[PDB]
Amino acid sequence: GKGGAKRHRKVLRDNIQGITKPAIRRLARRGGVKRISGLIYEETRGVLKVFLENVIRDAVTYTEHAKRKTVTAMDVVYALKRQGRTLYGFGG
Amino acid sequence: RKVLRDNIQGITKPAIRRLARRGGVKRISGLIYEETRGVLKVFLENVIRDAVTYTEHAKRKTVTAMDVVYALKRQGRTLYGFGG
Amino acid sequence: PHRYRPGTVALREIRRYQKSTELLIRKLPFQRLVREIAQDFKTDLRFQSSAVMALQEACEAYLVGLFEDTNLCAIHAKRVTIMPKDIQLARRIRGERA
Amino acid sequence: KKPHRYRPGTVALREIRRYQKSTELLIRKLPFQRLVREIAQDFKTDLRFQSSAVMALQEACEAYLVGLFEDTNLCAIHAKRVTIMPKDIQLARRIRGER
Amino acid sequence: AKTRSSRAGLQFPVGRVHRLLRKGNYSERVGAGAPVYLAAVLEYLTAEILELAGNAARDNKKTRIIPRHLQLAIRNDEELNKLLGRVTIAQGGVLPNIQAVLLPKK
Amino acid sequence: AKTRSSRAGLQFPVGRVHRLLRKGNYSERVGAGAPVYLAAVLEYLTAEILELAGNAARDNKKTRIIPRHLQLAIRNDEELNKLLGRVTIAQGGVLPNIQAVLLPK
Amino acid sequence: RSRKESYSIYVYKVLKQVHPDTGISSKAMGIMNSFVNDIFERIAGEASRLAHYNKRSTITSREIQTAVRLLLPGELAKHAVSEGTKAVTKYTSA
Amino acid sequence: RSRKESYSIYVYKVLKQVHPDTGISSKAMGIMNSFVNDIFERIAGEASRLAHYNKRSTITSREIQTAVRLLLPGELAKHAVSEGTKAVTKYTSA
Amino acid sequence: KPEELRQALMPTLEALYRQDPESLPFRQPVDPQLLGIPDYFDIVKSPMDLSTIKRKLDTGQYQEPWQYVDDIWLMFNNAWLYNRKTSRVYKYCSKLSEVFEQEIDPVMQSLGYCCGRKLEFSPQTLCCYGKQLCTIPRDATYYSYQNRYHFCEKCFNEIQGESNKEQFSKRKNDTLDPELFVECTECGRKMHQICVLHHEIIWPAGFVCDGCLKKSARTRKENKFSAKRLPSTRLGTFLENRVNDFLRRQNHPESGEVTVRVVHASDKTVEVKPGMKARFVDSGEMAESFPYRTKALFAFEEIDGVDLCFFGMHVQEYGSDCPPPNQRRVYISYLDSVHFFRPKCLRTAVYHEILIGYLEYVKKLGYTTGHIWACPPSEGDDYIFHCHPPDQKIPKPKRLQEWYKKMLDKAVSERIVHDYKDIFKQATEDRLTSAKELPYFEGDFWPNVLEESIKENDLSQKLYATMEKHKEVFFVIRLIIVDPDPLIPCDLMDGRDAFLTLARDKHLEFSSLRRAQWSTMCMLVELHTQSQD
DNA sequence: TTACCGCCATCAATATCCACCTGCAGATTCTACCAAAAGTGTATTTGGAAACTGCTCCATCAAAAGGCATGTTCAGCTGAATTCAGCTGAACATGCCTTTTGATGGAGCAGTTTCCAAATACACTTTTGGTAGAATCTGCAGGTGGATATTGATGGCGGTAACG
DNA sequence: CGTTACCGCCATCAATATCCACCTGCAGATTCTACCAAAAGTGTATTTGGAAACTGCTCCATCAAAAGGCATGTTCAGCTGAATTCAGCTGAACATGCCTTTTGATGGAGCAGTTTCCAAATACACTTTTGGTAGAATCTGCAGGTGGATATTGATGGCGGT
């Protein structure tokens, strides 16, 4: 077949479509779900996208305030806790 | 003071029906009311204690509405119009 | 004998109560229950009238919100009648139960 | 000669037990990194990301997804069902108040 | 003889909010422009909420703003609803909303 | 002569708790017994969560406490779950639970 | 009697500016006061946390601006930031 | 290379009284540190707000005792209050 | 004209380009050397890309939209053939093809054409002239003569004698015959013959398109070769009345009247095979031959003012003057259907109204037992109608048996059928003890089983076991002779084989509504011309 | 050729909307006094902007690999269709207790004065916790033999129905 | 009434992967020594915040009455919730192909540590303006009752098709 470069050259799948079908399947199965509708995944993908701008933007709002262009895990923890989604283990 | 007992029944069936209707509920099964009462009780058990817990912290014996605002705010139920 | 079909009067009074804001719980039984619970927590306790009114109004608002959630959850289950599993699921998802 | 085939549901419950007894991350590292980088460049360009920040955000993401999926399972069961469909997600996010 | 409230072109009190910030034990030091910023932000928020309340009152043929109008204004705006998502309004009621299947299904 | 933690019969540092209270801008003044009381409360909470985690590890045939054991200990205790109802444990997972309707037959 | 501070008159002028012929009731006025005060402790706590994160012992307009962006959603956030920036510039221009 | 304060050796020390023959991992130890920090922050904030509400300028053992009673569930709160009282009595008699 | 086509053709190319980044590999010419193996030109004889399409549409090499469509489809075919199926390139090509289809139809429909899909026929199995019972499966090498005679691998060594040596062209079974084009005399435009329903016999003067007909304000001449003009028979009239009454009481808005005609009826005889002839006939236990009457039927509907055939029939009727056990028996040899019936929902029921209507007919004549073989055709096999549509699902044995049972339950509710059962229950019902006691039908499965087993009192238990394996497949219906209908000789459709041969020769297929209507009108013309000759 | 369910048409019994008019608690306008703020004006102190720089670690890129993406066949799913015992809604009679207006003893909240134990601010000495390097120990992650445990397939036996 | 063959259920066995512990190298966890700025503990003078003591005083608890907006109990059938069946079909399980993912190594964009120093922040004493607010007077939007025109529901007359 067709050769050439391939590694990191075929990011073709859209940004949110980066998460694979079996990945969302595994996330649903861990929640005790045993059967998934075919068109659930993309919707959850959209839901996932929403969560991102719930936290990342706020974390970005932290990072720009500290005169930093590199985001830290402490910024992420503060952004998570400010929405009531406290995370432990990354406060060091 | 007299030890009041069994006044959870004072939340009458029509009253629970009215609260459900204000919630837009159209049909109510027979066993809804008492269930809500228990949930109602739980909510009071969630708030009153905390409000009561405020009272002795001020060395008082009367519960004020400001401690009520404090308890509702601390339980994520912030209320307006009664101070604070 | 004139009789409306089941639901027409229900919708009428639902609209009536959605256009009104007056408290639907009479003050005295709720005040008595609050006194009972506080006495179980601490005896010889006194209550401001404003505190009792705030308790009653907050409880009515919380019940209205949980009833909105319960109704919409019953709509989810292709039903128009609420049965305690709706309230249980609503409270569980709200985090009040699990 | 019609080889062995598990009935639908046995393997599902088995792997559900497997993943509930384990704690490892499920989302692949590279696609999630690309997603985070792209949505960050959506807000601010030329950003750099710490490995710890990325892994913390990822772990919070699998936690949020597993919680919403458990709520979705409860919602699907609530309607006398076993399969999840979009209105379950909608009800879960509505009760959570995000929508 | 110019107050800091009029100096910033604001109606909300700069001095009072500065004093409240100092009294709240939020920080050991408070900047000079901090009360001005608080006054401007609070005045803006009050401005839009009062404008929406007045619009709701006009929609109800009322000239006095009541808590029902406040609830109608807050819940009809997605941003204000998100801002006050965990606040219950006194004597405000709820938005008129009946689900589809609850309507007659003839 | 003696550290405040030793004088109060506690293992957590009273002085560090007092310093963190002072630096947190929570109050202009902090009482002497407040750091002792808070250190005692923290020590009790740590001791009981560690006891539950060790019990879970022993039930899991393990002698080292891992975040999975911490999650099992916290979720299996009703009041610990209530306290940490809005807290996410890293690398902890969820409790094994299958609903009745999902079960076969 | 001890004085009980409130924002009655300032919100009254705000209402007059936005609606000259519209009044306010006492209960709704208390709701307005409670809302403004609640915004006050929310923004103050956010600014204090921002000061604590960077080990900064002074809270300035920039920290409150960042906290406003954290708290206020979208158009409200940008408009509040713009109004506050204009007010701060006017204050420092005198 | 600034010193990063952490309760680490203390919590591990506590482990020695509760499980002499049981260890702890680094990730779980950071979990322990974050848990202790969060509980400390919650107790301190509740004590501060109780002090502010009563126009009380000093935080004592009573204030944080009330804070623990508000935040911590029933028998956990009872045990924490009892051990805090015992520690305060021991410190006073020390 | 080049510029004339652009305003319509360009949007499809723009939509193809809009697919990002799936369409990127097709934007530029694919260089065999650049991407690796240089065998691209060896496999793909004529490489082309999207840039070549743009250049052709700019300069104007395209004269008709069909050239553009053919080039796009040839691009898709090249991409599918060269690249492997599981490759992402194949998936991108398929997505681009789907995007092209979901816009090409209205665009070129605005230009006066009917549809913009390159239609290729189904992989239908070919028959053999020599053995008469051998078929050529897919992915199998065969030998063809003038695309008219076919021989398989086994039949090459079976023929005695070569009757030049290098005169038959070696071919492969991947060839799909293109659709024929007819040109309007007045306009000169060539377009597919099927969508215009133009036949050389009905209109020998020439072909006139709809545009030219509307230009002169004149309509096409009426067609006297319709299904309604076919001779009427008592059985056909009965079935027509039954279907019409059912559709009238249904009162479906989309329902249309259905015409049923019997176009063939002939007397034949079935001969006992050598094994059973030797075992039973010579002993005098059973006669050598069984006489019967075969009757062939079709069902038609008027859709869009055009006759359309949707149902077929082949039956064998052994009358009262036939030696037992075949006496007074009817056997359904083959049946076929086309699912373009309107309305669809009543369609299935309408089929019952035929079969039940048949059972009510012979029951009045004196026939007491019916025999149905629920054997659905395999993949690629067509019973009566040629090239069933790809979206026509072939019923499974279980579904087909349930359908048969359902009509029989309805008939019993209608009192027409006394009862129905499987063949084993009938064998118990008459206490079968010899192979002769079983009915003997031409082309039936049981005669072949008997022959093979004789080649393999053992007969009785053997045949009972074979009943046990495939009892649910075969239905025996108990209901409880002078046929009013005369004999109708028709060599064209006498047997499904000649009809299938005619359909294959003239490409009379049923893959689409237009193709099915063209086939139905072709058979109407052929039947109206065979009776005259 | 008698009864039954829909429909589009009118019509009668009701809840809704709303304009109108009157009493009045509440909203808005002044007069006045005012302690608590607001703010300008110096002295003092320090938070952090600015400039230079060592040290991370983050983006980029190489190959090795444990996974994921499609197609096939089918047991089970979900929902449409149907039927029905049952209940909760609408109506109504009866009356329970509400709902507010009224007054009153006094337990208790809060203001004012005095004043001492405790918190704070340094100043000093001491243990001490966090980190870096060495080195011994070790719980448990890949393989791997092993008993065992589950489950769908198949054959055999008994119940039963049907024909003679 | 007798006999036999079908259908259903149960006994019995081939096979797969999901377990189990055992075993071994090892990243990671634990133990110990040394150094030491950073806290931590002790001493002493200063300040002050809140405890006690008495009392002013607001509203909190408690008892009286009455009549009417609703709580409580009963009926019936309208119809929504619940149970049953089955057919289209969407997902589940699985073999096939190979590719995107994972791990390790390597330049410099900025994350942080150090140092100067100045615009900017407290601290506080007067001084002036101004926001709570006792009190009386006038204004005013709408609570509440009345009446009748305007929607909303339901099934009554009869026409009609299944």
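Residue numbers (the deposited numbering), protein chains in the order written: chain B, 11 to 102; chain F, 19 to 102; chain E, 38 to 135; chain A, 36 to 134; chain C, 14 to 119; chain G, 14 to 118; chain D, 28 to 121; chain H, 28 to 121; chain K, 1050 to 1212, 1227 to 1519, 1578 to 1601, 1612 to 1664. Every residue gets a Cβ at the ideal spot worked out from N, C-alpha and C, and that includes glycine.
Since residue i and residue j are thought to touch, with beta carbons under 8 angstroms apart, how far apart are those beta carbons, to the nearest angstrom?
{"i": "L1658(K)", "j": "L1293(K)", "result": "7 angstroms"}
{"i": "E110(H)", "j": "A53(G)", "result": "5 angstroms"}
{"i": "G37(C)", "j": "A104(D)", "result": "Between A104(D) and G37(C) the Cβ distance is about 23 angstroms, and since that is not below 8 angstroms, they are no contact."}
{"i": "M1254(K)", "j": "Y1162(K)", "result": "7 angstroms"}
{"i": "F1630(K)", "j": "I1447(K)", "result": "7 angstroms"}
{"i": "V60(F)", "j": "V70(F)", "result": "The Cβ separation is near 16 angstroms, so there is no contact."}
{"i": "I26(B)", "j": "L70(A)", "result": "7 angstroms"}
For chain A, check one thing: does any of its Cβ atoms lie closer than 8 angstroms to the Cβ of residue i?
{"i": "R92(B)", "result": "no"}
{"i": "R17(B)", "result": "no"}
Would residue i be called buried (16 or more neighbouring beta carbons within 10 Å of its own) or exposed?
{"i": "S1476(K)", "result": "exposed"}
{"i": "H1315(K)", "result": "exposed"}
{"i": "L51(C)", "result": "buried"}
{"i": "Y88(F)", "result": "buried"}
{"i": "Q1464(K)", "result": "buried"}
{"i": "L90(B)", "result": "buried"}
{"i": "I124(A)", "result": "buried"}
{"i": "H113(E)", "result": "buried"}
I'd like to know whether the C-beta of residue i is nearer than 8 angstroms to at least one C-beta of chain F.
{"i": "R96(H)", "result": "yes"}
{"i": "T59(C)", "result": "no"}
{"i": "residue 126(C)", "result": "This structure cannot settle anything about residue 126(C), because the visible part of chain C is limited to 14 through 119."}
Looking at the strands, I want to know which residues DSSP matches up with residue i.
{"i": "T96(B)", "result": "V100(G)"}
{"i": "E1365(K)", "result": "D1370(K)"}
{"i": "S1329(K)", "result": "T1357(K)"}
{"i": "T1432(K)", "result": "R1392(K) and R1599(K)"}
{"i": "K1484(K)", "result": "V1597(K)"}
{"i": "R42(G)", "result": "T85(H)"}
{"i": "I46(F)", "result": "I119(E)"}
Compare the C-beta of residue i against all C-beta atoms of chain C and say whether one is closer than 8 angstroms.
{"i": "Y37(D)", "result": "yes"}
{"i": "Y88(F)", "result": "no"}
Would you verify that the beta carbon of residue i is, or is not, closer than 8 angstroms to some beta carbon of chain G?
{"i": "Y80(H)", "result": "no"}
{"i": "residue 103(B)", "result": "An answer regarding residue 103(B) cannot be provided, because it is not within the stretch 11 to 102 covered by chain B."}
{"i": "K40(H)", "result": "yes"}
How about residue i: is its C-beta nearer than 8 angstroms to some C-beta of chain B?
{"i": "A86(G)", "result": "no"}
Problem set entry | alpha helix (DSSP H) runs contained entirely in the stretch 52–105 of chain D, provided each spans 4 or more residues | 53–80 and 88–98
Exercise. Can you give, in chain order, each stretch of the alpha helix (DSSP H) that sits fully within the stretch 56–81 of chain A and has at least 4 residues?
Worked result: 64–78
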